[PDB]
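Below is one structure, written out as structure tokens; comments come after it.
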Amino acid sequence: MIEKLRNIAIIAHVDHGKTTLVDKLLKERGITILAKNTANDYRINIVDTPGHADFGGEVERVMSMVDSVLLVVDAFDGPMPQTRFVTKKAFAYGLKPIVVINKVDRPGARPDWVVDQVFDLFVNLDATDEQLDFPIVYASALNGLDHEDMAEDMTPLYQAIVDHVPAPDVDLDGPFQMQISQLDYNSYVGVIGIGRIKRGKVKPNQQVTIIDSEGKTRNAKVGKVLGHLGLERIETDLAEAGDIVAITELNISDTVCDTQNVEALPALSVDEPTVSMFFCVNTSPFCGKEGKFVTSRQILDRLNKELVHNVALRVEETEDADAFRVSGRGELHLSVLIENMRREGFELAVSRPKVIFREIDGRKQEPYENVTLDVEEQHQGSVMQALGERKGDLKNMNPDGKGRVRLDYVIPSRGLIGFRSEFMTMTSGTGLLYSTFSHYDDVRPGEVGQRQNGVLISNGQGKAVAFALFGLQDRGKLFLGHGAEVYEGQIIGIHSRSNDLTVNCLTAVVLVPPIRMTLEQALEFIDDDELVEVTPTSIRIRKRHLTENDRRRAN
């Protein structure tokens with residue numbers, strides 16, 4: 001069995017062979033088509049390499065599993081460049097191609113010319129080998145010159161895979177050990193851990209442990225691929241692209257292994273998340289009113305549905321039955337997921353975006369971002385200073401002659417959380433800034449992403465009145481204007497000092513117009529003891545615990 005597995009991935013374009021071609025070894029799929037050839041039997045998994053680029057690095061994860069690749073290229077045309085993004089990543093994991101020139105039959109094809117290209121745009125693609133690049137199987141659909149030529153254009157192909165692809169360097173014995181490479185979901189089945197087995201064996205009930213930390217759960221059902229079809233399975237062992245259920249929320253990169261003498265799997269590799277935040281069921285006094293989906297049931301079902309084709313997203317279950325550790329490549333990764341879940345009719349509450357302090361070697365490495373800001377020459381001071389105050393060391397400034405200046409800080413994500421809102425206030429809109437995650441340098445040390453002020457909090461359900469809002473705006477700025485239905489817990493504006501006030505919003509009358517707190521703004525605002533409650537219409541900000549005497553109880 002073990003020295004006769006061949007694991008490859010395919011690549012193509014629009015005049016796709018693909019399937020067609022993988023159909024033809026026996027629209028549409030996919031993951032992963034387990035062909036099987038013999039004159040010894042060979043299992044041949046043939047995993048699909050997506051033409052789309054979802055995000056993060058979906059293709060990276062695919063090639064965790066495989067040891068070579070099919071590169072189908074149209075003879076008619078030649079290797080066009082959604083093939084290009086993949087094949088780049090395909091050589092980086094040091095994989096040997098098998099080029100396949102499709103549809104040489106069809107009467108306007110340039111089979112040689114193609115191969116001239118399939119080096120050219122291939123030698124500039126880096127490898128560096130190949131060379132071979134052989135591979136080199138001239139296929140047909142409806143199956144002359146070139147190779148062979150040319151019996152039943154079907155058997156030679158089988159030989160090409162088995163002679164140049166090696167079986168995967170894996171260990172049948174030791175413990176059990178599998179990386180979750182891909183991951184998909186169903187509304188009864190659970191979440192399924194699609195993987196290729198790195199060590200050992202899996203019975204369907206067969207207890208195990210899961211990692212980054214200490215998730216231990218029993219197994220249930222463990223279906224392997226077989227044709228366009230995953231069948232249930234009494235046991236599948238090493239090397240097989242075998243796909244598995246019941247464990248958990250199970251995640252990408254996440255790894256399995258015997259609950260004895262193991263732990264764990266490496267390979268980050270470049271998609272790992274930088275920010276945790278809690279998504280939880282809306283427990284407020286509008287706790288199901290302004291929009292439809294609200295059961296925790298509903299939300300996780302939704303969250304896995306993203307988790308599937310969101311490679312950057314990582315969802316975890318809690319000590320709470322109603323909450324979840326949603327993690328992402330960014331915060332703007334999450335604000336999206338949230339905002340979209342608003343527009344779908346979901347109603348949920350979210351804890352502030354606390355970062356991910358991972359740790360390379362000894363010291364807490366934490367995440368950093370290359371920030372760039374474009375401002376008026378007046379603001380420079382008002383801007384430069386505040387970022388310094390956020391542990392944002394300065395790289396460069398290219399002051400562009402006009403009267404503006406460009407500033408290029410690097411900051412810790414931890415430290416940039418909040419800034420966006422205050423940056424607009426300094427520059428009064430003429431404040432062009434955005435950043436991008438850069439790398440994971442060492443911790444800064446000191447507590448930094450922390451706001452000075454405290455909030456004004458209403459003390460019961462009622463419509464607001466200027467008989468309170470006109471006199472409370474002598475304490476700070478308000479998030480609401482006249483006649484908005486609030487509750488005991490709704491933060492309703494920032495205070496001038498750092499203490500919080502449990503006030504009454506209820507009991508020329510000119511209220512200065514309030515603040516347009518956007519979703520992201522309210523995320524980059526709230527404390528560890530506060531929450532953002534999102535309905536499909538409204539954005540509400542509150543306190544984790546709701547009555548003044550419930551806050552006293554805790555703090």
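Chains: A, B, ... in order of the structure tokens. Residues: from 1 per chain. Ligands: from 1, in order shown.
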Residue 254 of chain A environment, 9 Å, only C-alpha atoms, sequence neighbours closer than 5 positions dropped, as a PyMOL selection string: chain A and resi 178-181+210-212+265
Segment 286-299 of chain A surroundings by only C-alpha atoms, 8 Å radius, close-in-sequence under 3 positions cut, as a PyMOL selection string: chain A and resi 280-283+302-303+321-323+345-348+535-538
Near-segment 156-171 of chain A list (6 Å; only C-alpha atoms; drop same-chain fewer than 5 positions) as a VMD selection string: chain A and resid 3 5 to 6 68 198 to 199
Near-residue 256 of chain A list (12 Å; only C-alpha atoms; drop same-chain fewer than 3 positions) as a PyMOL selection string: chain A and resi 175-181+193-202+206-219+244-245+247-248+250-253+259-260+262-266
Output the selection as a compact mmCIF listing (two decimals), in the first residue's frame - N, CA and C atoms for each residue.
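Done, and the output landed in out32.txt:
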# COMPACT_ATOMS: atom_id res chain seq x y z
N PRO A 175 3.27 7.18 16.53
CA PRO A 175 1.88 7.48 16.78
C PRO A 175 1.14 7.85 15.50
N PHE A 176 -0.11 8.28 15.67
CA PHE A 176 -0.92 8.90 14.64
C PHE A 176 -0.55 10.38 14.60
N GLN A 177 -0.56 10.97 13.41
CA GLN A 177 -0.22 12.39 13.23
C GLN A 177 -0.67 12.96 11.87
N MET A 178 -1.57 13.93 11.89
CA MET A 178 -2.09 14.53 10.66
C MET A 178 -2.27 16.06 10.84
N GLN A 179 -1.84 16.81 9.82
CA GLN A 179 -2.10 18.25 9.74
C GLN A 179 -3.44 18.40 9.02
N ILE A 180 -4.31 19.27 9.54
CA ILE A 180 -5.53 19.62 8.80
C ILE A 180 -5.19 20.63 7.69
N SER A 181 -5.11 20.14 6.45
CA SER A 181 -4.65 20.95 5.32
C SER A 181 -5.81 21.77 4.78
N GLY A 193 -12.15 17.49 9.07
CA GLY A 193 -10.75 17.75 8.86
C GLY A 193 -9.95 17.13 7.75
N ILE A 194 -10.49 16.98 6.55
CA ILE A 194 -9.61 16.87 5.37
C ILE A 194 -8.09 17.03 5.65
N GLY A 195 -7.35 15.95 5.47
CA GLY A 195 -5.92 16.00 5.68
C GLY A 195 -5.23 14.89 4.93
N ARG A 196 -3.91 14.98 4.91
CA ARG A 196 -3.05 13.88 4.50
C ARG A 196 -2.30 13.39 5.73
N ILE A 197 -2.24 12.08 5.88
CA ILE A 197 -1.76 11.48 7.12
C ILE A 197 -0.24 11.51 7.12
N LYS A 198 0.33 11.98 8.23
CA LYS A 198 1.78 12.19 8.37
C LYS A 198 2.41 11.03 9.17
N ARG A 199 1.69 10.50 10.17
CA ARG A 199 2.02 9.22 10.86
C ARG A 199 0.80 8.39 11.28
N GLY A 200 0.99 7.08 11.40
CA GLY A 200 0.05 6.23 12.12
C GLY A 200 -1.23 5.84 11.41
N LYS A 201 -2.29 5.70 12.21
CA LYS A 201 -3.47 4.96 11.82
C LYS A 201 -4.68 5.57 12.49
N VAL A 202 -5.84 5.50 11.85
CA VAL A 202 -7.07 6.04 12.45
C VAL A 202 -8.26 5.09 12.36
N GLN A 206 -11.66 6.47 18.19
CA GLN A 206 -10.20 6.45 18.34
C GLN A 206 -9.77 7.79 18.94
N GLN A 207 -9.50 7.83 20.24
CA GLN A 207 -9.33 9.10 20.94
C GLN A 207 -8.00 9.75 20.52
N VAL A 208 -7.96 11.09 20.55
CA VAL A 208 -6.80 11.89 20.09
C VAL A 208 -6.69 13.27 20.80
N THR A 209 -5.63 14.01 20.44
CA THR A 209 -5.39 15.38 20.91
C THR A 209 -4.99 16.32 19.74
N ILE A 210 -5.39 17.59 19.90
CA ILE A 210 -5.40 18.65 18.88
C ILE A 210 -4.56 19.83 19.42
N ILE A 211 -3.98 20.69 18.54
CA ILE A 211 -2.88 21.60 19.00
C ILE A 211 -2.72 23.09 18.43
N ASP A 212 -1.60 23.72 18.81
CA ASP A 212 -1.46 25.10 19.38
C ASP A 212 -1.64 25.18 20.92
N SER A 213 -2.62 24.42 21.44
CA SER A 213 -2.73 24.09 22.87
C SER A 213 -3.34 22.66 23.09
N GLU A 214 -4.33 22.47 23.96
CA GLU A 214 -4.58 21.15 24.56
C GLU A 214 -6.01 20.56 24.33
N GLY A 215 -6.54 20.75 23.12
CA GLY A 215 -7.87 20.22 22.77
C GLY A 215 -7.81 18.71 22.63
N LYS A 216 -8.55 17.99 23.48
CA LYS A 216 -8.64 16.53 23.41
C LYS A 216 -10.07 16.13 23.17
N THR A 217 -10.35 15.44 22.07
CA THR A 217 -11.69 14.84 21.87
C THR A 217 -11.62 13.53 21.11
N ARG A 218 -12.68 12.75 21.29
CA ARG A 218 -12.83 11.49 20.62
C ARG A 218 -13.19 11.73 19.18
N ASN A 219 -12.93 10.70 18.41
CA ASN A 219 -13.18 10.68 17.00
C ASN A 219 -14.58 10.10 16.82
N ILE A 244 -11.75 13.67 7.64
CA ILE A 244 -12.24 13.08 8.93
C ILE A 244 -13.12 14.00 9.81
N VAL A 245 -14.09 13.38 10.50
CA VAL A 245 -15.19 14.12 11.16
C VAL A 245 -15.24 13.88 12.64
N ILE A 247 -14.26 15.36 15.39
CA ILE A 247 -13.34 16.14 16.22
C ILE A 247 -13.86 17.57 16.24
N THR A 248 -14.22 18.02 17.44
CA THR A 248 -14.78 19.34 17.68
C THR A 248 -16.19 19.44 17.10
N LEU A 250 -12.75 22.38 14.84
CA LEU A 250 -11.49 21.97 14.22
C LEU A 250 -11.05 23.02 13.19
N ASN A 251 -9.75 23.25 13.05
CA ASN A 251 -9.22 24.37 12.22
C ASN A 251 -8.11 24.03 11.22
N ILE A 252 -7.86 24.95 10.29
CA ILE A 252 -6.73 24.81 9.38
C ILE A 252 -5.48 24.80 10.24
N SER A 253 -4.43 24.11 9.79
CA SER A 253 -3.06 24.17 10.39
C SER A 253 -2.93 23.42 11.72
N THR A 259 -3.01 10.35 21.55
CA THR A 259 -3.03 10.99 22.85
C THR A 259 -1.90 10.47 23.74
N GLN A 260 -0.86 9.93 23.11
CA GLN A 260 0.28 9.39 23.84
C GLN A 260 1.56 9.49 23.01
N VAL A 262 3.34 12.16 21.58
CA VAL A 262 3.16 12.92 20.35
C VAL A 262 3.27 14.42 20.60
N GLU A 263 2.68 15.21 19.71
CA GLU A 263 2.71 16.67 19.84
C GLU A 263 4.08 17.23 19.44
N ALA A 264 4.15 17.92 18.30
CA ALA A 264 2.99 18.16 17.43
C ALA A 264 3.43 18.39 15.99
N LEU A 265 2.62 19.15 15.25
CA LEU A 265 2.92 19.45 13.85
C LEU A 265 3.36 20.90 13.68
N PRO A 266 4.38 21.12 12.77
CA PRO A 266 4.78 22.52 12.63
C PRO A 266 4.15 23.17 11.41
From the DSSP assignment of the backbone, select every residue of segment 356-499 of chain A that is alpha helix (DSSP H), and format the answer as a JSON list (two decimals) with N, CA and C atoms, in the first residue's frame.
[["chain", "number", "residue", "atom", "x", "y", "z"],
["A", 380, "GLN", "N", 1.59, 67.13, 11.29],
["A", 380, "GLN", "CA", 2.82, 66.38, 11.57],
["A", 380, "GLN", "C", 3.10, 66.19, 13.08],
["A", 381, "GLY", "N", 3.24, 67.28, 13.83],
["A", 381, "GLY", "CA", 3.48, 67.22, 15.28],
["A", 381, "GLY", "C", 2.39, 66.49, 16.06],
["A", 382, "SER", "N", 1.14, 66.97, 15.89],
["A", 382, "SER", "CA", -0.09, 66.35, 16.41],
["A", 382, "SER", "C", -0.27, 64.88, 16.03],
["A", 383, "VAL", "N", 0.32, 64.45, 14.91],
["A", 383, "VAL", "CA", 0.32, 63.05, 14.45],
["A", 383, "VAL", "C", 1.53, 62.26, 14.92],
["A", 384, "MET", "N", 2.73, 62.82, 14.67],
["A", 384, "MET", "CA", 4.01, 62.14, 14.96],
["A", 384, "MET", "C", 4.00, 61.76, 16.41],
["A", 385, "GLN", "N", 3.64, 62.74, 17.25],
["A", 385, "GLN", "CA", 3.68, 62.55, 18.67],
["A", 385, "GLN", "C", 2.85, 61.34, 19.10],
["A", 386, "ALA", "N", 1.57, 61.32, 18.74],
["A", 386, "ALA", "CA", 0.63, 60.30, 19.23],
["A", 386, "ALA", "C", 1.03, 58.87, 18.92],
["A", 387, "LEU", "N", 1.64, 58.67, 17.75],
["A", 387, "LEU", "CA", 2.13, 57.36, 17.32],
["A", 387, "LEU", "C", 3.37, 56.93, 18.10],
["A", 388, "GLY", "N", 4.26, 57.89, 18.36],
["A", 388, "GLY", "CA", 5.36, 57.69, 19.30],
["A", 388, "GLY", "C", 4.82, 57.17, 20.62],
["A", 413, "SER", "N", 0.53, 46.15, 16.13],
["A", 413, "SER", "CA", -0.90, 46.14, 15.88],
["A", 413, "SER", "C", -1.55, 46.51, 17.19],
["A", 414, "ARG", "N", -1.09, 45.87, 18.27],
["A", 414, "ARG", "CA", -1.60, 46.20, 19.59],
["A", 414, "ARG", "C", -1.72, 47.73, 19.78],
["A", 415, "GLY", "N", -0.70, 48.47, 19.36],
["A", 415, "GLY", "CA", -0.66, 49.91, 19.54],
["A", 415, "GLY", "C", -1.45, 50.76, 18.58],
["A", 416, "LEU", "N", -1.79, 50.21, 17.42],
["A", 416, "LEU", "CA", -2.50, 50.98, 16.39],
["A", 416, "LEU", "C", -4.01, 50.93, 16.58],
["A", 419, "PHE", "N", -6.30, 54.15, 16.94],
["A", 419, "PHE", "CA", -5.75, 55.35, 16.35],
["A", 419, "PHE", "C", -6.64, 55.95, 15.27],
["A", 420, "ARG", "N", -7.07, 55.08, 14.35],
["A", 420, "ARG", "CA", -7.82, 55.50, 13.17],
["A", 420, "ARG", "C", -8.79, 56.65, 13.51],
["A", 421, "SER", "N", -9.58, 56.49, 14.57],
["A", 421, "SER", "CA", -10.60, 57.48, 14.96],
["A", 421, "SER", "C", -10.00, 58.83, 15.38],
["A", 422, "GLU", "N", -8.91, 58.78, 16.15],
["A", 422, "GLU", "CA", -8.23, 60.00, 16.64],
["A", 422, "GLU", "C", -7.39, 60.68, 15.59],
["A", 423, "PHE", "N", -6.89, 59.89, 14.64],
["A", 423, "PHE", "CA", -6.14, 60.39, 13.49],
["A", 423, "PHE", "C", -7.01, 61.30, 12.60],
["A", 424, "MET", "N", -8.25, 60.90, 12.37],
["A", 424, "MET", "CA", -9.22, 61.73, 11.66],
["A", 424, "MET", "C", -9.49, 63.03, 12.42],
["A", 425, "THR", "N", -9.61, 62.95, 13.74],
["A", 425, "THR", "CA", -9.88, 64.13, 14.56],
["A", 425, "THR", "C", -8.75, 65.16, 14.49],
["A", 426, "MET", "N", -7.49, 64.73, 14.55],
["A", 426, "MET", "CA", -6.36, 65.66, 14.42],
["A", 426, "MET", "C", -6.41, 66.33, 13.04],
["A", 427, "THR", "N", -6.33, 65.51, 12.00],
["A", 427, "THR", "CA", -6.22, 66.02, 10.64],
["A", 427, "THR", "C", -7.53, 66.58, 10.07],
["A", 466, "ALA", "N", -33.70, 66.09, 25.39],
["A", 466, "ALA", "CA", -32.79, 67.24, 25.57],
["A", 466, "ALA", "C", -32.80, 67.77, 27.03],
["A", 467, "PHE", "N", -33.91, 67.54, 27.75],
["A", 467, "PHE", "CA", -34.02, 67.71, 29.24],
["A", 467, "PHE", "C", -32.95, 66.89, 30.01],
["A", 468, "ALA", "N", -32.12, 66.13, 29.29],
["A", 468, "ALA", "CA", -30.87, 65.58, 29.81],
["A", 468, "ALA", "C", -29.66, 65.77, 28.87],
["A", 469, "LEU", "N", -29.84, 65.74, 27.54],
["A", 469, "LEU", "CA", -28.68, 65.72, 26.62],
["A", 469, "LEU", "C", -27.97, 67.06, 26.53],
["A", 470, "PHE", "N", -28.71, 68.15, 26.76],
["A", 470, "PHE", "CA", -28.15, 69.50, 26.72],
["A", 470, "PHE", "C", -27.21, 69.79, 27.92],
["A", 471, "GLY", "N", -27.47, 69.15, 29.06],
["A", 471, "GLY", "CA", -26.67, 69.31, 30.30],
["A", 471, "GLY", "C", -25.57, 68.29, 30.51],
["A", 472, "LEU", "N", -25.73, 67.11, 29.90],
["A", 472, "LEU", "CA", -24.69, 66.07, 29.86],
["A", 472, "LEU", "C", -23.58, 66.36, 28.83]]
Nearby residues (only C-alpha atoms) at most 6 Å from segment 477-489 of chain A, same-chain spacing under 6 positions excluded, as a list in words: residues 458, 459, 460, 461, 462, 463, 464, 465, 514, 515, 542, 543, 546 and 547 of chain A
Using N, CA, C and O atoms, can you export the residues from the last selection as a PDB file, in the first residue's frame?
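That gives us selection-v9.pdb:
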ATOM      1  N   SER A 458     -26.197  55.090  30.171  1.00  0.00           N
ATOM      2  CA  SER A 458     -27.607  55.219  30.565  1.00  0.00           C
ATOM      3  C   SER A 458     -27.977  54.180  31.650  1.00  0.00           C
ATOM      4  O   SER A 458     -27.283  53.161  31.815  1.00  0.00           O
ATOM      5  N   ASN A 459     -29.053  54.465  32.394  1.00  0.00           N
ATOM      6  CA  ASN A 459     -29.487  53.639  33.542  1.00  0.00           C
ATOM      7  C   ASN A 459     -30.929  53.116  33.438  1.00  0.00           C
ATOM      8  O   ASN A 459     -31.601  52.930  34.463  1.00  0.00           O
ATOM      9  N   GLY A 460     -31.387  52.866  32.204  1.00  0.00           N
ATOM     10  CA  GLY A 460     -32.712  52.258  31.956  1.00  0.00           C
ATOM     11  C   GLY A 460     -33.244  52.437  30.537  1.00  0.00           C
ATOM     12  O   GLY A 460     -32.819  53.354  29.832  1.00  0.00           O
ATOM     13  N   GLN A 461     -34.180  51.568  30.129  1.00  0.00           N
ATOM     14  CA  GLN A 461     -34.811  51.634  28.795  1.00  0.00           C
ATOM     15  C   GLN A 461     -35.704  52.861  28.672  1.00  0.00           C
ATOM     16  O   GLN A 461     -36.636  53.027  29.450  1.00  0.00           O
ATOM     17  N   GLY A 462     -35.421  53.721  27.701  1.00  0.00           N
ATOM     18  CA  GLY A 462     -36.277  54.875  27.432  1.00  0.00           C
ATOM     19  C   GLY A 462     -35.773  55.682  26.256  1.00  0.00           C
ATOM     20  O   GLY A 462     -34.615  55.546  25.858  1.00  0.00           O
ATOM     21  N   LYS A 463     -36.647  56.511  25.692  1.00  0.00           N
ATOM     22  CA  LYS A 463     -36.241  57.484  24.672  1.00  0.00           C
ATOM     23  C   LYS A 463     -35.478  58.634  25.329  1.00  0.00           C
ATOM     24  O   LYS A 463     -35.886  59.142  26.379  1.00  0.00           O
ATOM     25  N   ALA A 464     -34.382  59.052  24.699  1.00  0.00           N
ATOM     26  CA  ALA A 464     -33.586  60.177  25.192  1.00  0.00           C
ATOM     27  C   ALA A 464     -34.360  61.496  25.076  1.00  0.00           C
ATOM     28  O   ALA A 464     -35.333  61.588  24.321  1.00  0.00           O
ATOM     29  N   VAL A 465     -33.933  62.494  25.853  1.00  0.00           N
ATOM     30  CA  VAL A 465     -34.549  63.828  25.887  1.00  0.00           C
ATOM     31  C   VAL A 465     -33.470  64.917  25.989  1.00  0.00           C
ATOM     32  O   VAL A 465     -32.443  64.701  26.626  1.00  0.00           O
ATOM     33  N   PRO A 514     -24.302  64.193  17.214  1.00  0.00           N
ATOM     34  CA  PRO A 514     -23.494  63.180  17.918  1.00  0.00           C
ATOM     35  C   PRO A 514     -22.313  62.624  17.086  1.00  0.00           C
ATOM     36  O   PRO A 514     -21.788  63.343  16.232  1.00  0.00           O
ATOM     37  N   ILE A 515     -21.872  61.389  17.355  1.00  0.00           N
ATOM     38  CA  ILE A 515     -20.812  60.740  16.558  1.00  0.00           C
ATOM     39  C   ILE A 515     -21.313  59.542  15.727  1.00  0.00           C
ATOM     40  O   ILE A 515     -22.017  58.660  16.232  1.00  0.00           O
ATOM     41  N   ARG A 542     -22.122  48.959  24.631  1.00  0.00           N
ATOM     42  CA  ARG A 542     -22.628  48.754  25.994  1.00  0.00           C
ATOM     43  C   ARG A 542     -21.488  48.467  27.008  1.00  0.00           C
ATOM     44  O   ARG A 542     -20.317  48.726  26.719  1.00  0.00           O
ATOM     45  N   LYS A 543     -21.847  47.940  28.187  1.00  0.00           N
ATOM     46  CA  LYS A 543     -20.896  47.429  29.189  1.00  0.00           C
ATOM     47  C   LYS A 543     -21.111  45.936  29.427  1.00  0.00           C
ATOM     48  O   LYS A 543     -22.255  45.489  29.453  1.00  0.00           O
ATOM     49  N   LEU A 546     -24.148  45.170  33.223  1.00  0.00           N
ATOM     50  CA  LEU A 546     -25.118  46.220  32.756  1.00  0.00           C
ATOM     51  C   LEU A 546     -25.595  47.329  33.725  1.00  0.00           C
ATOM     52  O   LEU A 546     -25.693  48.484  33.303  1.00  0.00           O
ATOM     53  N   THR A 547     -25.986  46.971  34.957  1.00  0.00           N
ATOM     54  CA  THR A 547     -26.458  47.952  35.976  1.00  0.00           C
ATOM     55  C   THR A 547     -25.267  48.516  36.770  1.00  0.00           C
ATOM     56  O   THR A 547     -24.264  47.813  36.940  1.00  0.00           O
TER      57      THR A 547
END
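Using only C-alpha atoms, the smallest distance between any of A:495, A:439, A:379, A:354 and residue 326 of chain A comes from A:354.
From atom CA of residue 526 of chain A back to atom CA of residue 446 of chain A, the distance works out to 19.7 Å.
For the choices A:70, A:92, A:268, A:150, the atom-to-atom distance to residue 56 of chain A is smallest for A:268 when using only C-alpha atoms.
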Counting only C-alpha atoms, the option among A:371, A:350, A:443, A:417 closest to residue 534 of chain A: A:350
Counting only C-alpha atoms, the residue of A:332, A:457, A:506, A:407 that sits nearest residue 492 of chain A: A:457
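When atom CA of residue 493 of chain A is paired with atom CA of residue 455 of chain A, their separation reads 5.8 Å.
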Spatial neighbours of residue 63 of chain A, max dist 8 Å, only C-alpha atoms, sep filter under 4 positions, as number ranges by chain: A: 9, 59, 67, 90, 93
Residues just named, written with N, CA and C atoms as a CSV table (one decimal), in the first residue's frame:
chain,number,residue,atom,x,y,z
A,9,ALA,N,-1.3,17.5,-7.5
A,9,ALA,CA,-2.3,18.5,-7.7
A,9,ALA,C,-2.3,18.9,-9.1
A,59,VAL,N,-3.5,27.8,-1.6
A,59,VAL,CA,-2.7,26.9,-2.4
A,59,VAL,C,-1.6,26.3,-1.7
A,67,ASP,N,3.1,15.9,-3.5
A,67,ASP,CA,4.5,15.6,-3.7
A,67,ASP,C,5.0,15.9,-5.2
A,90,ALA,N,3.9,26.3,-6.3
A,90,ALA,CA,4.2,24.8,-6.5
A,90,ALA,C,5.7,24.5,-6.5
A,93,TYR,N,7.5,24.9,-2.5
A,93,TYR,CA,7.6,23.5,-1.9
A,93,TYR,C,8.2,22.8,-3.1
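For the atom pair formed by atom CA of residue 238 of chain A and atom CA of residue 2 of chain A, the distance is 7.3 Å, given to one decimal.
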Excluding residue 363 of chain A and its own-chain neighbours fewer than 4 positions away, which residues fall within 10 Å of it when counting only C-alpha atoms? Please give them as a compact mmCIF listing (two decimals) with C-alpha atoms, in the first residue's frame.
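As written to disk, out-v4.txt reads:
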# COMPACT_ATOMS: atom_id res chain seq x y z
CA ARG A 358 2.31 34.21 19.69
CA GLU A 359 5.94 33.43 20.58
CA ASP A 441 9.06 41.27 15.98
CA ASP A 442 9.64 40.96 19.76
CA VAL A 443 7.15 42.25 22.42
Residue set, segment 151-295 of chain A restricted to strand (DSSP E), as a PyMOL selection string: chain A and resi 177-180+184-186+190-192+195-199+201-202+208-210+215-217+224-225+230-231+236-237+241-242+255-257+275-281
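With only C-alpha atoms as the atoms that count, the residue of A:142, A:189, A:72, A:410 with the shortest distance to residue 105 of chain A is A:142.
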